[PDB]
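Here the structure comes first, spelled out in structure tokens, and everything after it is commentary.
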Amino acid sequence: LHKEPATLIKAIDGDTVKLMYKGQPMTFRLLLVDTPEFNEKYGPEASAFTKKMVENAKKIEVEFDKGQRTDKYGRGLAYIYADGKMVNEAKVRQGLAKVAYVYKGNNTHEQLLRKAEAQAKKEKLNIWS
Ligand SMILES: Cc1cn([C@H]2C[C@H](OP(=O)(O)O)[C@@H](COP(=O)(O)O)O2)c(=O)[nH]c1=O
Ligand SMILES: [Ca+2]
């Protein structure tokens, strides 16, 4: 895969970010993850962690997978990096999201994320406690 530049417009919530990609505003849904809704347990915690990761970053990057790049709602589908650290992976790694929505063709980082979730469990970290 390959990374592309982008800039933050707005950190919406756990699983979505609005970015300027190719000079155009676009909302991205993070691939391979499901964050607890704002009103569920760990929701506000999961949300802050995500927001701050993209807001504190000096450089945001977009990385599409080998399949569809947009979902049915018109959201871009990608792995997002903050100063070279993958946001999708970091969220799962700290027990603030679960690997989910693994679709044929967009699963390049599936095993890396599942290892992060296994590691987060070994520690009953956040959502695993
Ligand atoms: C992450 C992801 C979500 N989706 C769709 C499936 C779900 O459809 P439904 O709206 O019918 O449930 C929806 C959930 O995204 P959210 O978890 O943001 O709500 O987004 C994809 O199609 N591909 C993806 O890679
Ligand atoms: Ca969600």
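Within each chain, counting starts at residue 1; across the structure tokens, chains are named A, B, ... in the order shown, with ligands numbered 1 upward in that order.
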Distance query range 91-97 of chain A at most 8 Å, only C-alpha atoms, self and fewer than 4 positions along chain excluded, as JSON, numbers by chain: {"A": [33, 34, 35, 36, 42, 45, 46, 49, 50, 87, 113, 116, 117, 119, 120, 121, 124, 125, 126, 127, 128]}
Test item: residues lying within 12 Å of ligand 1 with only C-alpha atoms and all ligand atoms, as a PDB file with N, CA and C atoms, in the first residue's frame:
```
ATOM      1  N   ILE A  12     -14.061  13.990  14.116  1.00  0.00           N
ATOM      2  CA  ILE A  12     -15.496  13.879  14.362  1.00  0.00           C
ATOM      3  C   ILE A  12     -15.755  13.063  15.614  1.00  0.00           C
ATOM      4  N   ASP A  13     -15.393  11.782  15.547  1.00  0.00           N
ATOM      5  CA  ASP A  13     -15.670  10.833  16.609  1.00  0.00           C
ATOM      6  C   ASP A  13     -14.689   9.634  16.547  1.00  0.00           C
ATOM      7  N   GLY A  14     -15.026   8.565  17.251  1.00  0.00           N
ATOM      8  CA  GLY A  14     -14.157   7.382  17.285  1.00  0.00           C
ATOM      9  C   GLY A  14     -13.648   6.850  15.956  1.00  0.00           C
ATOM     10  N   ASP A  15     -14.555   6.638  15.027  1.00  0.00           N
ATOM     11  CA  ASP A  15     -14.258   5.991  13.788  1.00  0.00           C
ATOM     12  C   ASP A  15     -14.190   6.855  12.514  1.00  0.00           C
ATOM     13  N   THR A  16     -14.526   8.122  12.614  1.00  0.00           N
ATOM     14  CA  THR A  16     -14.501   9.037  11.504  1.00  0.00           C
ATOM     15  C   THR A  16     -13.663  10.325  11.792  1.00  0.00           C
ATOM     16  N   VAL A  17     -13.072  10.789  10.707  1.00  0.00           N
ATOM     17  CA  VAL A  17     -12.297  11.988  10.630  1.00  0.00           C
ATOM     18  C   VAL A  17     -12.565  12.729   9.309  1.00  0.00           C
ATOM     19  N   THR A  27     -14.836  12.925   4.292  1.00  0.00           N
ATOM     20  CA  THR A  27     -14.955  12.210   5.557  1.00  0.00           C
ATOM     21  C   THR A  27     -14.499  10.774   5.373  1.00  0.00           C
ATOM     22  N   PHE A  28     -13.560  10.354   6.222  1.00  0.00           N
ATOM     23  CA  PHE A  28     -13.043   8.990   6.198  1.00  0.00           C
ATOM     24  C   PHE A  28     -13.516   8.163   7.382  1.00  0.00           C
ATOM     25  N   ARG A  29     -13.976   6.972   7.071  1.00  0.00           N
ATOM     26  CA  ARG A  29     -14.297   5.972   8.038  1.00  0.00           C
ATOM     27  C   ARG A  29     -13.062   5.085   8.157  1.00  0.00           C
ATOM     28  N   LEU A  30     -12.546   4.923   9.362  1.00  0.00           N
ATOM     29  CA  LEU A  30     -11.353   4.111   9.548  1.00  0.00           C
ATOM     30  C   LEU A  30     -11.600   2.625   9.263  1.00  0.00           C
ATOM     31  N   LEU A  31     -10.762   2.034   8.417  1.00  0.00           N
ATOM     32  CA  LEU A  31     -10.890   0.607   8.106  1.00  0.00           C
ATOM     33  C   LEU A  31     -10.633  -0.307   9.299  1.00  0.00           C
ATOM     34  N   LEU A  32     -11.292  -1.465   9.301  1.00  0.00           N
ATOM     35  CA  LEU A  32     -11.044  -2.549  10.253  1.00  0.00           C
ATOM     36  C   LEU A  32     -11.357  -2.322  11.727  1.00  0.00           C
ATOM     37  N   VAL A  33     -12.082  -1.257  12.071  1.00  0.00           N
ATOM     38  CA  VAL A  33     -12.379  -0.967  13.473  1.00  0.00           C
ATOM     39  C   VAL A  33     -13.831  -0.603  13.795  1.00  0.00           C
ATOM     40  N   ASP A  34     -14.213  -0.757  15.060  1.00  0.00           N
ATOM     41  CA  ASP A  34     -15.538  -0.374  15.548  1.00  0.00           C
ATOM     42  C   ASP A  34     -15.295   0.188  16.951  1.00  0.00           C
ATOM     43  N   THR A  35     -15.594   1.468  17.134  1.00  0.00           N
ATOM     44  CA  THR A  35     -15.404   2.088  18.431  1.00  0.00           C
ATOM     45  C   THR A  35     -16.758   2.138  19.140  1.00  0.00           C
ATOM     46  N   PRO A  36     -16.769   1.970  20.469  1.00  0.00           N
ATOM     47  CA  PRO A  36     -18.009   2.090  21.228  1.00  0.00           C
ATOM     48  C   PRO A  36     -18.652   3.459  21.006  1.00  0.00           C
ATOM     49  N   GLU A  37     -19.964   3.491  20.789  1.00  0.00           N
ATOM     50  CA  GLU A  37     -20.654   4.762  20.575  1.00  0.00           C
ATOM     51  C   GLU A  37     -20.440   5.694  21.760  1.00  0.00           C
ATOM     52  N   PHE A  38     -20.636   6.989  21.531  1.00  0.00           N
ATOM     53  CA  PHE A  38     -20.401   8.000  22.554  1.00  0.00           C
ATOM     54  C   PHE A  38     -21.172   7.645  23.826  1.00  0.00           C
ATOM     55  N   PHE A  64      -5.070   4.055   1.390  1.00  0.00           N
ATOM     56  CA  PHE A  64      -6.148   3.198   0.914  1.00  0.00           C
ATOM     57  C   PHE A  64      -5.669   1.757   0.856  1.00  0.00           C
ATOM     58  N   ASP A  65      -6.619   0.826   0.870  1.00  0.00           N
ATOM     59  CA  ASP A  65      -6.311  -0.591   0.762  1.00  0.00           C
ATOM     60  C   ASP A  65      -6.538  -0.972  -0.699  1.00  0.00           C
ATOM     61  N   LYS A  66      -6.556  -2.267  -0.996  1.00  0.00           N
ATOM     62  CA  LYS A  66      -6.633  -2.730  -2.375  1.00  0.00           C
ATOM     63  C   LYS A  66      -8.053  -2.817  -2.934  1.00  0.00           C
ATOM     64  N   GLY A  67      -9.056  -2.593  -2.086  1.00  0.00           N
ATOM     65  CA  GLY A  67     -10.456  -2.659  -2.509  1.00  0.00           C
ATOM     66  C   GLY A  67     -11.172  -1.322  -2.618  1.00  0.00           C
ATOM     67  N   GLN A  68     -12.478  -1.329  -2.368  1.00  0.00           N
ATOM     68  CA  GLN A  68     -13.246  -0.099  -2.500  1.00  0.00           C
ATOM     69  C   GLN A  68     -12.704   0.991  -1.582  1.00  0.00           C
ATOM     70  N   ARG A  69     -12.684   2.215  -2.102  1.00  0.00           N
ATOM     71  CA  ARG A  69     -12.128   3.344  -1.366  1.00  0.00           C
ATOM     72  C   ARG A  69     -13.209   4.224  -0.747  1.00  0.00           C
ATOM     73  N   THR A  70     -14.468   3.870  -0.979  1.00  0.00           N
ATOM     74  CA  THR A  70     -15.597   4.639  -0.469  1.00  0.00           C
ATOM     75  C   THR A  70     -16.706   3.670  -0.075  1.00  0.00           C
ATOM     76  N   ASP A  71     -17.366   3.918   1.047  1.00  0.00           N
ATOM     77  CA  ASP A  71     -18.480   3.067   1.410  1.00  0.00           C
ATOM     78  C   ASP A  71     -19.771   3.612   0.807  1.00  0.00           C
ATOM     79  N   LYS A  72     -20.870   2.936   1.119  1.00  0.00           N
ATOM     80  CA  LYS A  72     -22.175   3.280   0.577  1.00  0.00           C
ATOM     81  C   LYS A  72     -22.627   4.674   0.983  1.00  0.00           C
ATOM     82  N   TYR A  73     -22.043   5.211   2.048  1.00  0.00           N
ATOM     83  CA  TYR A  73     -22.431   6.534   2.502  1.00  0.00           C
ATOM     84  C   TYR A  73     -21.542   7.610   1.900  1.00  0.00           C
ATOM     85  N   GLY A  74     -20.598   7.215   1.051  1.00  0.00           N
ATOM     86  CA  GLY A  74     -19.695   8.191   0.456  1.00  0.00           C
ATOM     87  C   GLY A  74     -18.516   8.548   1.350  1.00  0.00           C
ATOM     88  N   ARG A  75     -18.276   7.761   2.396  1.00  0.00           N
ATOM     89  CA  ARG A  75     -17.108   7.984   3.244  1.00  0.00           C
ATOM     90  C   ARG A  75     -15.908   7.271   2.640  1.00  0.00           C
ATOM     91  N   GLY A  76     -14.758   7.938   2.651  1.00  0.00           N
ATOM     92  CA  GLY A  76     -13.525   7.290   2.232  1.00  0.00           C
ATOM     93  C   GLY A  76     -13.252   6.184   3.238  1.00  0.00           C
ATOM     94  N   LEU A  77     -12.592   5.132   2.773  1.00  0.00           N
ATOM     95  CA  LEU A  77     -12.213   3.985   3.589  1.00  0.00           C
ATOM     96  C   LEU A  77     -10.705   3.820   3.492  1.00  0.00           C
ATOM     97  N   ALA A  78     -10.028   3.998   4.618  1.00  0.00           N
ATOM     98  CA  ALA A  78      -8.576   4.012   4.607  1.00  0.00           C
ATOM     99  C   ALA A  78      -8.009   3.767   5.997  1.00  0.00           C
ATOM    100  N   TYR A  79      -6.699   3.554   6.031  1.00  0.00           N
ATOM    101  CA  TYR A  79      -5.953   3.473   7.275  1.00  0.00           C
ATOM    102  C   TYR A  79      -5.370   4.866   7.396  1.00  0.00           C
ATOM    103  N   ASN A  88      -5.760   3.486  13.264  1.00  0.00           N
ATOM    104  CA  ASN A  88      -6.608   2.303  13.386  1.00  0.00           C
ATOM    105  C   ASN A  88      -5.956   1.334  14.374  1.00  0.00           C
ATOM    106  N   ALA A  97     -11.187   0.092  20.934  1.00  0.00           N
ATOM    107  CA  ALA A  97     -11.868  -0.256  19.688  1.00  0.00           C
ATOM    108  C   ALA A  97     -11.654  -1.743  19.438  1.00  0.00           C
ATOM    109  N   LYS A  98     -12.535  -2.349  18.656  1.00  0.00           N
ATOM    110  CA  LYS A  98     -12.384  -3.761  18.354  1.00  0.00           C
ATOM    111  C   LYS A  98     -12.232  -3.920  16.855  1.00  0.00           C
ATOM    112  N   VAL A  99     -11.456  -4.917  16.455  1.00  0.00           N
ATOM    113  CA  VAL A  99     -11.293  -5.198  15.040  1.00  0.00           C
ATOM    114  C   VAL A  99     -12.691  -5.591  14.559  1.00  0.00           C
ATOM    115  N   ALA A 100     -13.125  -5.036  13.433  1.00  0.00           N
ATOM    116  CA  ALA A 100     -14.442  -5.328  12.872  1.00  0.00           C
ATOM    117  C   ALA A 100     -14.489  -4.962  11.390  1.00  0.00           C
ATOM    118  N   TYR A 101     -15.622  -5.268  10.760  1.00  0.00           N
ATOM    119  CA  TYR A 101     -15.899  -4.879   9.384  1.00  0.00           C
ATOM    120  C   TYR A 101     -14.775  -5.241   8.433  1.00  0.00           C
ATOM    121  N   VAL A 102     -14.287  -6.463   8.597  1.00  0.00           N
ATOM    122  CA  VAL A 102     -13.220  -7.001   7.783  1.00  0.00           C
ATOM    123  C   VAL A 102     -13.835  -7.533   6.500  1.00  0.00           C
ATOM    124  N   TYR A 103     -13.702  -6.759   5.429  1.00  0.00           N
ATOM    125  CA  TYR A 103     -14.236  -7.156   4.136  1.00  0.00           C
ATOM    126  C   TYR A 103     -13.165  -7.584   3.148  1.00  0.00           C
ATOM    127  N   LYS A 104     -13.467  -8.668   2.439  1.00  0.00           N
ATOM    128  CA  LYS A 104     -12.628  -9.154   1.358  1.00  0.00           C
ATOM    129  C   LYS A 104     -12.141  -8.002   0.489  1.00  0.00           C
ATOM    130  N   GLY A 105     -10.827  -7.942   0.327  1.00  0.00           N
ATOM    131  CA  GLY A 105     -10.156  -6.921  -0.450  1.00  0.00           C
ATOM    132  C   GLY A 105      -9.619  -5.712   0.291  1.00  0.00           C
ATOM    133  N   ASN A 106     -10.156  -5.415   1.461  1.00  0.00           N
ATOM    134  CA  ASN A 106      -9.649  -4.334   2.313  1.00  0.00           C
ATOM    135  C   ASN A 106      -9.234  -4.922   3.659  1.00  0.00           C
ATOM    136  N   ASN A 107      -8.329  -5.896   3.656  1.00  0.00           N
ATOM    137  CA  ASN A 107      -7.898  -6.540   4.907  1.00  0.00           C
ATOM    138  C   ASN A 107      -6.387  -6.671   5.072  1.00  0.00           C
ATOM    139  N   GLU A 110      -5.284  -6.601   8.601  1.00  0.00           N
ATOM    140  CA  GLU A 110      -6.105  -7.393   9.500  1.00  0.00           C
ATOM    141  C   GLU A 110      -5.311  -8.087  10.607  1.00  0.00           C
TER     142      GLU A 110
END
```
Picked from chain A by DSSP as helix (DSSP H, G or I), as a VMD selection string: chain A and resid 43 to 56 87 to 93 110 to 121 126 to 128
Separation of CA of residue 83 in chain A from CA of residue 19 in chain A in Å: 14.9 Å
Who sits within 6 Å of range 1-11 of chain A, only C-alpha atoms, same chain under 2 positions skipped, as a PyMOL selection string: chain A and resi 17-21+51+60-63
Residue list (strand (DSSP E), DSSP) for range 3-76 of chain A, as a count of residues only: 28
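In this structure, CA of residue 114 in chain A sits 19.4 Å away from CA of residue 84 in chain A.
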Nearest residue to ligand 2 from the set A:89, A:58, A:40, A:24 (distances using only C-alpha atoms and all ligand atoms):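 Answer, going by the shortest atom-to-atom distance: A:40.
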